[PDB]
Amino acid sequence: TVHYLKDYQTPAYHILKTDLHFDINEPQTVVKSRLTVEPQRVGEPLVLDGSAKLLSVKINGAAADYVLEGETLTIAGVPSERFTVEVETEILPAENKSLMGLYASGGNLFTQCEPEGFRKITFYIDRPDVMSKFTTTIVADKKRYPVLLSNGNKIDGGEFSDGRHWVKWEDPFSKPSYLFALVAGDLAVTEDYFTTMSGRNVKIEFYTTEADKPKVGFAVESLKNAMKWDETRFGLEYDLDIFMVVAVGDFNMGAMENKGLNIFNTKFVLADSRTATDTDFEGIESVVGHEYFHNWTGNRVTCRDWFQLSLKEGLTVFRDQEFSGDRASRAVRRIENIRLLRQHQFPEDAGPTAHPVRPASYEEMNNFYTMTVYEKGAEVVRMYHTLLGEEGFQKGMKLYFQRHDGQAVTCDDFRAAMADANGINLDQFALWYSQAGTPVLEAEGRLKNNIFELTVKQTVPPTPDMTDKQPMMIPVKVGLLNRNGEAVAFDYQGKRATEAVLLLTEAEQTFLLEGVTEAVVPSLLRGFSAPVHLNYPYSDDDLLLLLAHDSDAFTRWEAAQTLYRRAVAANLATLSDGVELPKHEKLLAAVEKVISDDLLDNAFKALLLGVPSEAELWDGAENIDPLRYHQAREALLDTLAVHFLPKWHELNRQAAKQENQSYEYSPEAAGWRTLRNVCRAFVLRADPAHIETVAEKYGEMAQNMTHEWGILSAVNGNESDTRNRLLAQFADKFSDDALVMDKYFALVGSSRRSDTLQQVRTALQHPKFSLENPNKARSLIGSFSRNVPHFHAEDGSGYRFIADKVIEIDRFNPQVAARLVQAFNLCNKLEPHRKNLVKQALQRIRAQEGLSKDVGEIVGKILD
């Protein structure tokens, strides 16, 4: 059964009011609903989605004539005017290991409804174009469940003689079912507030365990920053006098934007310097912002159907990116976002599971919360901003909300708003939503007369969903550098400037940059103006010049990235010919200049010193031996480590002094620590024995989690017993902090050491490990699945291990399993031996009785 976008049809029924009543007992919870249903197409049967135990169903107080089949409840004869439906269901939250619907965690109850989890609570028209006004009543034992939360305003509540108490929540904003939330349990609260631009106080309440409460401070501040920023940048104001955030340790995703009651994975809300890295802090800031920004881009305006997921996700990611960029280090953080895209989204677009930003079909919608919908989706939204500028973009946002506030709409509606608000045609831009695959740009430069003539051709490869690909609208931002590396002015188009956005709209175009009175090297795709591969015949010297002198952060970084890529390509060639490694003279020269350049921003310097991942390196390759690519990359890192060993120390000490004992989080101090941790990584592969010196003064250097993690990461591949000891001491010191134990299992799973597989298998039985906890499963098993030398081991042990865990995990959590099985996505691009073994593994997963729809869909894409 496949769902198709082209088959969309408006619902035959609307739900106007949704009154819910929760009776929480041990072990079961009884849900009583009362829906006010309004016919849209009179005469049609009422179809309700649902998978919970059905106890009773009524139409207007009378027992209904119905049939239950699969997860569908049908009532043939329903009135032609407004009527009530009353469904009574029973749930066993403690048995819910899928972490979808109503489930237990840490003795408390939580919900996760997006995309289609609400049907697991009650029978409902569970689709996002059906919006209803919710009133939620909750009854439970007061001692066990003192805190009872749902969307909106608490308007009533009371006590019963027998120890139970109740509450009543009213969400006045019509919403789809996927934004419903309920929380019941014993939780500590952190209180604060934000006053809106119109003088209205908004009560802020963060709910966590008693012990985790001290770690929620940074998240509260980030929210208040996010609330202020949305006002100042977008003119968007919060619309309730209460905003609640709940932390939960068992959670499939990062966080959830349920209206006025966000539910967060602990990893994106808890932090202190002692237990969280600077990266963790930045993560909290991004995600807290993200979930708050959904209140307008997702909740006030929602999705007509789930094919439109990127409408709220691409747009909201773009917003949290701009939020983070406005806070600090925009350039550095832009590179990070670009790096993430090329390292995870590009592989996806090149693989068997490739899909457009707006899919045309899906079997299981949970499989499409992907890098493509999110990150490429953001890049698509960012291109509007590039084409229109900030003011023009905000004009689109204004008209978007003017038209569609309180509606469930599509990506086309967003595009129309951008188009109409600025009086511009964006018909061709629609292809960014419908055409999958990474576009490839072939560029040629020619200076004849006094005009730099830039030819550019685009090509979009076929993908499993679509062969035909038409030319797309691709903004290419460009500049010119002379022999000395200073910006050269040119005329385009009737305007003399130092920078221009060349709009490529067809298969091949030539752009005329006139008024060029000297030799130039072009700077291309500045700021990563479009999500594409660009090929230009740069000399190594051209790259040295761009890296050294160009004014755009990305192009400088990309120039360094290109030199690294070429170096690894050389290593591959020599290792293949059974010959000495290359010398990499021009590369080593560049790295030396980077290391010694005191003018480079510390964090930007760290990025320039990062080598592209194996996935980037074998991009577009056939018959891949992942270990040869691994060997070639490792060889380059060894060369850089050993060659610059004393300067790594020097840079290390420089960073230590500039940090200046400022161990709490700040973008400034974090920049030095990032650079410090790069140096440690290089030092400790050049001189592994240095670990004992580090171990000797561990307590001295373990001044925050950034330092501990940085040190443990640097030594994680060390074959010394000291590596194991430090890991064991780490687990002991932080045994009580679940989020830090995640870091422990990540180190175990990711180690380059020869004995990683058996250490991983021992870790499975660690008292603090739980396969049923998504964070733990990802940390240990996810990391191993990405551990190239071990996952792609020749004997196939990595394949068999991961396949076993996919099978095992899928028995209780298909979402984690479906994510994990995508470690096999490289199947058909592997050399014959490994490909055979991967197919065997995939066949074995497929042969499982009761295999989830989630995993089945993915395995299908790879095998069939």
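Just count from 1 along the sequence shown to find any residue number.
Inset, instruction - Between 95 to 103 and 594 to 602, name whichever shows the higher mean Cα B factor according to the PDB entry. - result: Higher mean C-alpha B-factor in the PDB entry: 594 to 602.
Inset, instruction - With reference to the PDB entry, specify whether the mean Cα temperature factor is higher for 550 to 558 or for 344 to 352. - result: Higher mean C-alpha B-factor in the PDB entry: 550 to 558.
Legend entry - Identity of residue with top Cα B-factor, from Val139, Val373, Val694, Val678: Result of the comparison over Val139, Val373, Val694, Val678: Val694.
Inset, instruction - For the C-alpha B-factor as written in the entry, point me to the maximum among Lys829, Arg800, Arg819, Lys58. - result: Among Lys829, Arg800, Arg819, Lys58, the highest C-alpha B-factor in the entry belongs to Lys58.
Inset, instruction - Select lowest, middle or highest to describe the third in which the CA B-factor of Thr29 falls within its chain in this entry. - result: Middle third by C-alpha B-factor.
Inset, instruction - Among all modelled residues of this chain, ranked by Cα B factor, put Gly377 in the bottom, middle or top third, i.e. lowest, middle or highest. - result: Ranked within chain, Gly377 CA B lands in the lowest tercile.
Legend entry - Position of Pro612 among the chain's modelled residues by C-alpha B-factor, lowest, middle or highest third: Middle third.
Inset, instruction - Relative to the other modelled residues of the same chain, rank the CA B-factor of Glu719 and answer lowest, middle or highest third. - result: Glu719: CA B-factor falls in the highest third of its chain.
Inset, instruction - For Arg628, return the chain-relative third of its C-alpha B-factor as stated in the PDB record: lowest, middle or highest. - result: Ranked within chain, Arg628 CA B lands in the highest tercile.
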